[PDB]
């Protein structure tokens, strides 16, 4: 019932296309063509899945709060959706765009085919793409800090539905709130740090990703900043982030999270960027966010009913 980037795990490739919609609010012919291109996307996902099951292909189209009432008069706007630019007073790099296309695959050739076919369908007359990122998994699923990324991601369809998708029975059920944020790593500053400093920074051991006990790591360790609870309930999220970039140039982490509630993501951002106790995440000494956007990925049904 959901679009197909939230529940599956361990993709090897991801393509991220973020940009703005060029169709105006009352161009009904252009908006009909735009929705025909959305339909073609969902059909091509199915066709690639049938021909290349080994790809474990997945894809989602997601919309910002600012563009919501341009693309639909029928579906109610998700209750928590807002522009990420409202965080610009404390979080650098915000760059809210209208549209996200996120495609995942275990093969680059099918990842790229769907991304390219989709962009050719929409065309430069409908989409103004501001960012295109080719993410790829590294050996042992390590981020470029060379720590394993993903250890405490929720596992399995049951938990990833609970934390990644709007609950059944609620408005916009089986959609997801989405946050994207491109980080540029400063590995020249990170590599010389002793293992003890690197593990204090993250909050887990480097070789095996064993959690360091809460009382033995700083409260500004990354795990202490992001493992948060409210009213005895964990504010978990579903991350699909991947490394990207050039060995001899700019590189980092293309962060993306899917969540049942935007609050689960935003409270972690308040924590990491010093807005809850005046202290920043230790990881931010070594990496910098340079883009940012909030979106909502509708359910498959609402995507086709816009």
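Numbering follows the first chain given and starts at 1.
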Open item on the list: Mean CA temperature factor from the deposited coordinates, higher in 215-223 or in 100-108?
Closed with: 215-223
- [ ] Identify the stretch, either 117-125 or 137-145, whose C-alpha atoms have the larger mean B-factor according to the entry.
- [x] 117-125
Open item on the list: Given 241, 264, 270, 26, identify the residue with the highest C-alpha B factor in the PDB entry.
Closed with: 26
TODO: Comparing against every modelled residue in the chain, figure out the third that the C-alpha B-factor of residue 132 lands in (lowest, middle or highest).
DONE: lowest
TODO: Comparing against every modelled residue in the chain, figure out the third that the C-alpha B-factor of residue 38 lands in (lowest, middle or highest).
DONE: middle
Open item on the list: Is residue 11 in the lowest, middle or highest third of its chain when residues are ranked by C-alpha B-factor?
Closed with: lowest
Open item on the list: Per the entry's values, where does residue 190 land by CA temperature factor relative to the rest of its chain, in the lowest, middle or highest third?
Closed with: middle
- [ ] Could you say whether, by C-alpha temperature factor, residue 198 belongs to the lowest, middle or highest third of its chain?
- [x] middle
